[PDB]
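Report on the structure given below.
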Amino acid sequence: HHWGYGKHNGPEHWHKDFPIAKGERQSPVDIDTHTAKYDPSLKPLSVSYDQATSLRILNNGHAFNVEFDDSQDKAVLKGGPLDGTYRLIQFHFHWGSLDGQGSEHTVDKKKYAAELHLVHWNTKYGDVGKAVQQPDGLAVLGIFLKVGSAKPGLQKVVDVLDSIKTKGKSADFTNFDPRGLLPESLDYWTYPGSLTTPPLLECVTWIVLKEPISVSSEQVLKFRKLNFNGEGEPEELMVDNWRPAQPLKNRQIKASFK
Ligand SMILES: NS(=O)(=O)c1ccc(C(=O)NCc2ccccc2F)cc1
Ligand SMILES: [Hg+2]
Ligand SMILES: [Zn+2]
């Protein structure tokens with residue numbers, strides 16, 4: 001039926017309705033640090049989230065998204081391997097039922113507890129709808145989460161999860177600063193890829209940060225209390241909403257550091 005992460009409609013079944021699932025530039029991938037090429041020509045990342053305007057948070061049945069006002073250049077990503085300006089439209093996470101899994105990307109086969117995706121779209125295309133149809137329409141900043149100390153900046157997100165427990169629920173989420181979710185360093189790996197959920201469009205330039213952020217066990221626990229199902233339907237805990245690593249094929253992962 002509609003896609004999910006369960007036994008009968010999970011990643012291994014997506015190819016039936018979305019042929020692109022077996023394409024040439026699918027994500028996520030495993031980052032082999034020893035074969036990644038240090039590219040000295042990669043420019044540093046430029047993150048300008050000072051004028052970011054969050055609007056709401058919603059449970060779309062696959063994860064929870066915090067949406068931002070992208071009507072104009074308020075929160076943008078430039079530099080790195082990007083040509084142009086990409087506006088932040090939303091961010092979400094992928095997590096597991098256990099601390100030893102949750103990330104989509106792996107580093108030397110190592111899985112993290114979760115993964116944050118800050119989704120941006122190329123402004124030269126006018127709207128996200130057009131951007132998804134282009135090979136460089138999207139730029140997603142990936143940040144690994146590992147369990148340890150608490151992340152203050154993540155707490156506001158954690159506190160409101162009860163208001164959006166089931167599919168379809170949304171809550172006003174204004175004045176949230178995404179800068180509180182960034183690690184100290186902006187060193188990254190980059191490669192051409194795709195959305196990790198259907199439609200699985202290959203329109204993404206992936207930028208994965210080397211340094212994970214730490215979140216407390218209690219914070220991740222709250223992610224695990226969300227529901228895939230809507231109100232009044234049988235409870236299915238939202239956990240393990242991650243796609244396993246895809247083959248790298250004819251691609252090269254570049255690194256901005258050595
Ligand atoms: N996990 S991830 O790769 O960062 C990712 C980022 C954005 C989307 C998205 O916008 N989906 C909706 C959507 C997009 C395009 C066409 C139809 C849709 F429903 C999905 C996955
Ligand atoms: Hg595309
Ligand atoms: Zn994602």
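Numbering of ligands and ligand atoms starts at 1, following listing order. Along the sequence shown, the residues carry numbers beginning at 1.
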Do NZ/NE/NH1/NH2 and the carboxylate oxygens of [X] and [Y] come within less than 4.0 Å?
{"X": "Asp187", "Y": "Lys210", "answer": "yes"}
{"X": "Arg25", "Y": "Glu202", "answer": "no"}
{"X": "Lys110", "Y": "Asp108", "answer": "no"}
{"X": "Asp99", "Y": "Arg224", "answer": "yes"}

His117, N/O/S atom nearest the Zn ion (ligand 3): ND1
Pairs under 3.5 Å, nitrogen or oxygen of ligand 1 with protein nitrogen or oxygen:
| unit_1 | atom_1 | unit_2 | atom_2 | d |
| --- | --- | --- | --- | --- |
| ligand 1 | 1 (N) | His92 | NE2 | 2.9 |
| ligand 1 | 1 (N) | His94 | NE2 | 3.1 |
| ligand 1 | 1 (N) | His117 | ND1 | 3.1 |
| ligand 1 | 1 (N) | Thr196 | OG1 | 2.9 |
| ligand 1 | 3 (O) | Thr196 | N | 3.0 |
| ligand 1 | 4 (O) | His117 | ND1 | 3.4 |

Test side-chain hydrogen bond (donor to acceptor under 3.5 Å, both in side chains) applied to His94 and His117, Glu115, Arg243, the passing residue: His117
Option passing salt bridge (charged side-chain N to carboxylate O under 4.0 Å, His left out) with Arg87 (candidates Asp127, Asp70, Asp73):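 With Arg87 as partner, salt bridge (charged side-chain N to carboxylate O under 4.0 Å, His left out) holds for just one option, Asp73.
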